[PDB]
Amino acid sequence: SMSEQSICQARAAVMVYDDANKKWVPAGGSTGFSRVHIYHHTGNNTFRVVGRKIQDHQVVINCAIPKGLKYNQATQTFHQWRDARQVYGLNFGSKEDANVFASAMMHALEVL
């Protein structure tokens, strides 16, 4: 709370790609929608994506946004990115949610 501020909140089903099985799987193990933030650590000017399931508050994503990230807006309601360890996808609950999140992501990627 002291070092980070939320710069957006968006509704999405958070998924990760199981490359061994070539299938998307629910992040955290159970399907359903989460409230997904981008948090800005204002002191170090770093950003991370944190999402929590609406129903039971489980943290299902907590990943750094590195400078230079390629954010792929595959469709108007499904966006995705990768790191060295995982491929992440957000199935947004609406186009408005996708726009809110992408706008904050693109902002983070510009100021990083």
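Note that residue numbering begins at 1 and tracks the sequence as displayed.
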Which has the higher mean CA temperature factor in the PDB entry, 71 to 79 or 42 to 50? 42 to 50
Looking at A104, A20, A98, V14, which has the highest Cα B-factor in the entry? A20
Third of chain Cα B-factors occupied by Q86: highest
Could you tell me which third, lowest, middle or highest, the C-alpha B-factor of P26 occupies within its chain? lowest
